[PDB]
Amino acid sequence: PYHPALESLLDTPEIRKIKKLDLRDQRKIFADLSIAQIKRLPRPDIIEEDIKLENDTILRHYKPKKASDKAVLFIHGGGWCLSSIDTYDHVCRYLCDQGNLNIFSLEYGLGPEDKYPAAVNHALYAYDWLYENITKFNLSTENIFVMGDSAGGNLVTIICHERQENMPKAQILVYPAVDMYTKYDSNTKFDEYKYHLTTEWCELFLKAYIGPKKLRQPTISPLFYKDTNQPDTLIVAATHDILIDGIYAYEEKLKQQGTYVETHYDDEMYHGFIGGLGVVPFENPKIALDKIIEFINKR
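### What to know about the overall build of the chain
Part 1 of the argument: Each helix and strand counted, the chain has 10 helices and eight strands in total.
Part 2 of the argument: Over its C-alpha atoms the chain spans a radius of gyration of 18 Å, differing by no more than 12% from the 19 Å that the globule rule assigns to 299 residues.
Part 3 of the argument: The principal-axis extent of the C-alpha atoms belonging to the chain is close to 50 × 45 × 40 Å.
Part 4 of the argument: For the chain, the proportion of its 299 residues judged to be buried stands at 56%.
Part 5 of the argument: Surface accessibility of the chain: about 13300 Å² in total, with carbon and sulfur atoms responsible for 50%.

### Things to note about the pattern of salt bridges
Part 1 of the argument: Counted by the stated rule, this structure contains 19 salt bridges.
Part 2 of the argument: The closest approach of N and O atoms between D69 and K70, which form a salt bridge, is 2.5 Å.
Part 3 of the argument: Overall, the relative accessible area of 41% leaves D69 in the partly exposed class.
Part 4 of the argument: Residue classification places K70 among the buried residues on the basis of a relative accessible area of 6%.
Part 5 of the argument: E294 serves as the salt-bridge partner of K291, at 3.4 Å between the closest nitrogen and oxygen. One end of the pair, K291, and the other, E294, are both in helix α10 (residues 284-297), three residues apart, so they sit about a helical turn from each other.
Part 6 of the argument: The exposure class of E294 is partly exposed, given its relative accessible area of 38%.
Part 7 of the argument: Through salt bridges with shared partners, a single network forms among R43, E48, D50, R60, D86, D89 and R93.

### Looking at the sheet that holds strand β7 (residues 232-240)
Part 1 of the argument: With mixed pairing, eight strands are arranged side by side in an open sheet as β1-β2-β4-β3-β5-β6-β7-β8. The sheet is open, and its two borders are formed by β1 (47-52) and β8 (261-270), each paired with just one other strand. Between one strand and the next, the sheet's axes are offset by a mean angle of 20°, whatever the strand orientation.
Part 2 of the argument: Relative to strand β4 (residues 102-107), strand β2 (residues 58-63) runs antiparallel, the two sharing five bridges. Of the residues in β4, the one forming a bridge with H61 is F104.

### Details of the packing of aromatic side chains
Part 1 of the argument: Considering all chains together, one arrives at 13 aromatic pairs under this definition.
Part 2 of the argument: Ring centres of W80 and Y209 lie 4.6 Å apart, and the angle between their planes is 0°; on these two criteria the pair is classed as stacked. Of this pair, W80 sits in the loop between β3 (71-75) and α4 (89-99) while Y209 sits in helix α8 (residues 199-209), and the two are 129 residues apart along the sequence.
Part 3 of the argument: Judged by relative accessible area, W80 falls into the buried class, the value being 5%.
Part 4 of the argument: On the accessibility criterion, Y209 (1% relative accessible area) is buried.

### Re the nonpolar core
Part 1 of the argument: Membership of the largest hydrophobic core comes to 96 residues, with the highest contact counts inside it found for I274 and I292.
Part 2 of the argument: Ignoring any residue separated from it by four or fewer positions in sequence, one finds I292 in contact with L95, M147, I172, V174, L234, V236 and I274.

### Here we look at the environment of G246
Part 1 of the argument: Mapped onto the fold, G246 is located in helix α9 (residues 244-256).
Part 2 of the argument: The contact partners of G246, leaving out residues within four places of it in the chain, are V178 and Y184.

### Some thoughts on the environment of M167
Part 1 of the argument: Note on placement: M167 falls in the loop between α6 (151-162) and β6 (170-174).
Part 2 of the argument: On the basis of relative accessibility, which here comes to 26%, the residue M167 falls in the partly exposed class.
Part 3 of the argument: The spatial distance from the C-alpha of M167 to the C-alpha of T12 is 43 Å, given a sequence separation of 155 residues.
Part 4 of the argument: Those residues in contact with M167 that sit more than four places away from it in its chain are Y127, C160, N229, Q230 and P231.

### Some remarks on the packing of α4 against α10
Relative placement of two packed helices is described by the angle separating their axes and the distance separating the axes.
Part 1 of the argument: The interhelical angle for the contact between α4 and α10, taken along N-to-C directions, is 50°, at an axis separation of 10 Å. Put simply, α4 runs oblique to α10. In this structure, α4 crosses over α10, and the sense of that crossing is right-handed. Seen from α4, the contacting residues are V91, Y94, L95, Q98 and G99; seen from α10, they are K286, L289, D290, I292, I293 and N297.
Part 2 of the argument: Classifying every residue of the contact of α4 with α10 by side-chain character gives six nonpolar, three polar and two charged.

### A look at the packing of helix α5 (residues 118-133) against α6
Part 1 of the argument: Between α5 and α6, the least distance of the axes is 9 Å, while the angle of their chain directions is 65°. Note that α5 runs across α6; the crossing there is right-handed. Contacts between α5 and α6 involve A119, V120, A123, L124 and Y127 from the first element and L155, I158, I159 and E162 from the second.
Part 2 of the argument: Residue composition of the contact of α5 with α6, by class: eight nonpolar, no polar and one charged.

Cut-offs used in this document
All residue numbers are counted from 1 along each chain's written sequence and may depart from the entry's numbering; residues that have no coordinates are not represented. To obtain the side-chain values, all non-hydrogen atoms of the structure were used and water was disregarded. Numbering of helices and strands runs from the N terminus; a helix is a DSSP stretch of H or I covering at least four residues, while a strand is a stretch of E covering at least two. In this description the radius of gyration comes from C-alpha coordinates, and the expected globular size is given by 2.2 Å times residues to the power 0.38. Per-residue accessibility, obtained with a 1.4 Å probe over protein chains only, is compared with the maximum for each type, and a residue is labelled buried under 20%, exposed over 50%, and partly exposed between these values. The protein chains shown are the only cover counted for residues, whose accessible areas, like all others here, come from Shrake-Rupley with a 1.4 Å probe. Each salt bridge in this description consists of a side-chain nitrogen of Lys or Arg and a carboxyl oxygen of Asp or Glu lying within 4 Å of one another. Criterion used throughout: strands pair if DSSP finds at least two bridges between them. Lines fitted to C-alpha atoms define the axes here, with helix axes fitted over just the stretch in contact, and angles between the N-to-C directions of these axes take values from 0 to 180 degrees. We call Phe, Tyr and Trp rings a pair once their centres come within 6.5 Å, taking the six-membered ring for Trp, and we label the pair stacked below 30 degrees between planes, edge-to-face above 60, and tilted otherwise. Joining through side-chain atoms within 4.5 Å is the link that ties buried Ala, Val, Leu, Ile, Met, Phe, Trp, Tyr and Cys residues into a set, and such a set is a nonpolar core. We call two residues in contact when some of their heavy atoms are within 4.5 Å. An angle counts as roughly parallel when it lies under 35 degrees, as roughly antiparallel when it exceeds 145, as roughly perpendicular when it falls between 65 and 115, and as oblique in every other case. Handedness of a helix crossing follows the sense of rotation of the near helix relative to the far helix, less than a right angle counterclockwise being left-handed and clockwise being right-handed. Here the term charged refers only to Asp, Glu, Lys and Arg, the term nonpolar to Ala, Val, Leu, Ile, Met, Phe, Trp, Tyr, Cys and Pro, and the term polar to all other amino acids, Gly among them.

Read these as geometric descriptors, not functional statements.
Structure below.
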């Protein structure tokens, strides 16, 4: 039941031209389009502050109006090469305001200028900094969550695998990239312009981020982690997505290892739809974000 209005939004001659450009040019074009869309959205009256870390990355702290006990480390998507904290401001503002959540959004190194494993090292450094400094925000280490979409879902689940002695309270994975090696059925079935994420476009990101059995390394494809625990997990995904079969594989691995896993699989939307919040006419982005909020606030 792919929504029939999506093809005209996601596949245009303009979009096809942009997706063949150098990723450094795509980065600018896409950022400019996203920023202009975001500027049309009214903002909640929350306090935002950029915190520069010693490794030169930035954590943007979104502080809710009401008293809050929860912190969420959010890592944006973009194929490890595109997007920024600025192109995800509207999602974080909604989670902060409507969820009553402290959000810390990470600006990390992007390929091809800062190739793998720069982003992994930035994700770990940010989590360790937040864990150590949480009481500066009048928050406690027992209430730190991690959340990421796509490449960001990749990075936050790697945090959980790599920090077994102080895992997050829960992890929220939004259409995460967890297996860059295996060819599943979804990788052909949904490899079309109308579904946004195409195999052709994605291999540009792989070449810029990584540089193929050299894709089974667990800090690239966390499906390959061996003998690690994971916390309570919410997986949000679109079913019409080249990545979906690896995501199903991840869900099954987590369930078999004893992890509690909730899922929100949206069978009308496209990979990336949470970013459509307030822009696209559909209810689905807000529905997914509300489910995330209710999952965090139960904990």
